[PDB]
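Have a look below at one chain only, the form deposited in one PDB entry, in structure tokens format.
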């Protein structure tokens, strides 16, 4: 019912995430302030798991200085037995927010886009490619989006719809994250991801890599947004827009 880390006591309001050897709790400290604590049980864990968990805290810790669109890490306790990570708690994950919304304020959708670009840009400048970017991986906190993780440990959970063609064709570059950001932006403008409607999964992966399968970009008022989506959703990573290009794009600048 309570969690201690580097002395201090947090009371559990509830569990919010799960996977493999870990749990995430929404939590209060003694001044009744809210945090997310991640718990990782290490007693039964492979060295490939441990290394991933160590790499994650190292990276999360270094990236704090670089951008406020990365989740804050206040403190952590690491032992042969466990990890506790005390991190900022958000209002809601972007996936659960998207399922509520009847529709999105176009100026809200742009503001989020910017936030996602700045987060992912920051991890790219430290030589990290997330590779598994879904809306679940972003947090709304003070009307801004913050990236939650780095693709370095991958157990945690609150689809194959966000998968770039080249990750499937590989029997990966930063351009891989542009595809998935493109799928999230497409979801935010059309109320679906591009291959949402394809029903079975084997048939989805066929669509994602098949050149003859054209994606539909319906006419919308925001001609720029349409351009961002068509550039993010090119199957050829080499012909696909980069993050530094995306930040110079009229959609975020004009």
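Positions refer to the first chain, counted from 1. Between two forms, the rigid core is defined as the largest C-alpha subset superposing within 1.5 Å.
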| item | value |
| --- | --- |
| Entries skipping residue 141: at least a third of other ones | no |
| Flanks modelled, residue 158 absent in at least a third of other entries | yes |
| Between residue 158 and residue 159 - deposited residues without coordinates, as a size class | 10 or more |
| Mean Cα B-factor comparison, 60-68 or 195-203, giving the higher one as deposited | 195-203 |
| Of 204-212 and 221-229, the one with larger mean CA B-factor | 204-212 |
| From 124, 110, 134, 102, residue of greatest CA B-factor | 102 |
| Selection by C-alpha B-factor (highest) of 130, 175, 146, 169 | 169 |
| Record-listed C-alpha B factor of residue 13: chain third | middle |
| Ranked C-alpha temperature factor of residue 2 among modelled chain residues, by third | highest |
| Relative C-alpha B-factor of residue 97, binned into the chain's lowest, middle or highest third | highest |
| Residue 180 - which third its CA temperature factor falls in, relative to the rest of the chain | lowest |
| Record-listed C-alpha B factor of residue 80: chain third | middle |
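Only in words, not in the display: the form deposited in another entry, which the text now covers.
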query	finding
Core-aligned CA displacement of residue 31 at least 2 Å between the shown form and the other one	yes
Rigid-core frame, C-alpha of residue 20, shift of 2 angstroms or more between the shown form and the other one	yes
Core superposition between the shown form and the other one, C-alpha change of residue 11 at least 2 Å	yes
